[PDB]
């Protein structure tokens, strides 16, 4: 069996999708522009029909931890070298594939970014940054990126996290885990459903990991407030027979003094560690991880820094943009609170 739902494009289907993405790259200035953000979900209706059928059906299945699409061609010569930093990572060689990710994402929901992550970009980059090997962010390498719900701190966190592998020559694995429902006893389960846990914002929302500028400044105040004064929240929500999950291995904690909550979180850590499995996104593979059913991470790897490091494009997707209207800056798709 497979804990995720998988689709493999035929070469003709893959070529057609690539051609559509190239057409979009020709007609629009950028992926994050207001025009393409609005048009992408409608343009996505032109994608191969079998793919559209897969995305419409697979999103509605009860079981998958992710939707995986294999077989998008990528030419390393045309792509160019892996950028040394996310700031300069919008290279012409990666441009069509960024449009492709956006088109696929449009079939699943509304895309958005954060004013406090990678300068408010909607399509972001995952690549190893020299000197940042042992950090808690996605540009780490030598230190494993521990399992987490994406943006667990925030009620406006994505429903799906999309990852498109531009290159991954050494087959470094993305990690995944669902709710360990086969092992959680009912008392522990009960406690995890109660608002007895603290979840702070991760290091990607700190000013040090964004560019020096006077734009998207006030949104860092809300991040500080979530870090300093986290309100108690639940880890599990919804149906007891199929709970949704909100946890971060490195940023979760029990409510102060709450030893029963602590025991439940401790047990959850153990059970998630034991059931964590691997998904290798080879060059051209795309994954849309269900951020409510599963946590994810990335295995430790030795970075190359020779121009051919592992490199992903990434995007946040919500089923309903209006859920986060508090955090709207204006008419943009960039979230953050004061």
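Positions refer to the first chain, counted from 1.
Relative to its counterpart among 13-21 and 325-333, 325-333 has the higher mean temperature factor, C-alpha atoms as listed in the PDB entry.
Across the two stretches, 183-191 and 213-221, the PDB entry reports the greater mean Cα temperature factor for 213-221. By the numbers in the PDB entry, the CA B factor is greatest at 251 among 104, 251, 147, 112.
Out of 151, 125, 260, 159, the entry records its largest CA B-factor for 260. Per the deposited record, the Cα B-factor of residue 285 falls in the lowest third when ranked against the other modelled residues of its chain.
Among all modelled residues in its chain, residue 48 ranks in the middle third by Cα B-factor. When all modelled residues of the chain are sorted by CA temperature factor, residue 230 is found within the highest third. Among all modelled residues in this chain, the alpha-carbon of residue 279 has a temperature factor (C-alpha) in the lowest third. Among the modelled residues of its chain, residue 298 has a C-alpha B-factor that falls in the lowest third according to the deposited record.
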